[PDB]
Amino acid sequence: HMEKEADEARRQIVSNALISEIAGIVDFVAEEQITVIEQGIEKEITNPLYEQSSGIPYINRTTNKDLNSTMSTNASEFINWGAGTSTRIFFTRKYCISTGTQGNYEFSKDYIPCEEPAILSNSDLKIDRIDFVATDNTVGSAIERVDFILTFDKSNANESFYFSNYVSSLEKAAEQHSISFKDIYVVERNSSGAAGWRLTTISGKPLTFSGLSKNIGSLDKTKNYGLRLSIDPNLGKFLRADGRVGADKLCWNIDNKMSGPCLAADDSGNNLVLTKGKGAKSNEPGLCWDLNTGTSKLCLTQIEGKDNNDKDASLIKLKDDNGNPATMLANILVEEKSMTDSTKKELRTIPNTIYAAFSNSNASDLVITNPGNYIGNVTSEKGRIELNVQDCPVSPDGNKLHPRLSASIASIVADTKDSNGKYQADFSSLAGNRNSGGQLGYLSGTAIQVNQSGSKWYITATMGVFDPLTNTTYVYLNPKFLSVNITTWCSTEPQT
């Protein structure tokens, strides 16, 4: 428990460094064509590994296709690695230093860092040698397997077989890079030379790490041991029909070139991000729908914009191929700071507008005979405007939406009884509001009230009118010669 966070945790940092080196090398091997910088620009060339005119160390291959067969003892076959060797130069960018190394490739990205991790300079477990197992005997052959020989530098007299504690951390560190060990074998030598490495055997049978524990007693403790980690460069190299291999990105082709848009994940785990293709003349990435029935496709496209303060920003535009805005059918909520309290944010929907007049025609319905004493029953008054309360759409969790309704005056006249006792003014249809009329009184105004039950809106109104011809004051209820524009919406701001 004490040493499990000191000893066991420190070796994890070592395993992280080792696996990052391994993953980079394996990535390099798996790129048949690589991107380099030549004239200050990117260029695709054949990986020097697979150019028959390449030299050391790129053409170096071992021929031990069988995991149990003898490991190479020839420095022109295996690749010596670490201190004393210049090998890293050939797998790192030429301009890792400003003047340029003796390496002849300026890789557009680093497969492994320029500098070997400092932690791996002092550690008892280092990569001592790499074997690129050739698929065939041709110069620049494809590579069927990559073996990493890890030397264990025991800083103790005893405890020769004490590298088994690194294996667990190596396995989960490999899982973090989406690679796995095809096999792990115990190796040995009795010298400082990389050519001396050979498979450890028990009664002639090469010893896998799996068999180590039970066969540990019958092994020479003076000798120097190591691990050979085998990696299949083609495992997890290609996207699969079954979806079991992740994509770093996916880009689409146009006219047989990878010049279309790309999708990649951001660091959140939630987001896929669309960016423009290399062949785009404008920077306006779009996700589009097409029916393929003779009409335009529709695209949600990112375009440049400016915010409140005139600073660079962007927005999305829903458009056809002519560039005209297109239609989305949806419920919209708009979030906005409240105009009285800048610390509070409110949500609202798109309103609807409804034109309507109240609907009392007769004097007996219109005239409130006992005003002041009269108490209005808005649920059951004649001439009222009544509407069903709307259903509000889905809202984010901390935000209850309330149905809302307001009424604004559209037309209003102080109508009075004509010689036949009838009221001629009528605003029931907006196209004909001026058609009917005659003598008018003096307007005192109108009180328009809106009330709500569970499922109904009730809009009512009184109007005060003075008739100078008969010298009498009138109070009218829900008159046809008063019309309103009714606005309906939903909001976090409640109805008053």
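Residue indices: 1-based, along the sequence shown.
Two stretches are in play, 467-475 and 445-453, and the higher mean C-alpha B-factor belongs to 467-475. As listed in the deposited structure, the average C-alpha B-factor of 286-294 and of 347-355 is greater for 286-294. Within the group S259, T73, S395, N215, the record's highest C-alpha temperature factor is found at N215. Of all the options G100, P325, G246, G204, the entry's greatest CA B-factor is assigned to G204. Compared with the other modelled residues of the chain, the Cα B-factor recorded for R61 ranks in the lowest third. Ranked against the other modelled residues of its chain, the C-alpha B-factor of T275 as given in the entry falls in the lowest third. Looking at the C-alpha B-factors along this chain, the one for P113 belongs to the middle third. Looking at the C-alpha B-factors along this chain, the one for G140 belongs to the middle third. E304 sits in the middle third of its chain by CA B factor, as recorded in the PDB entry.
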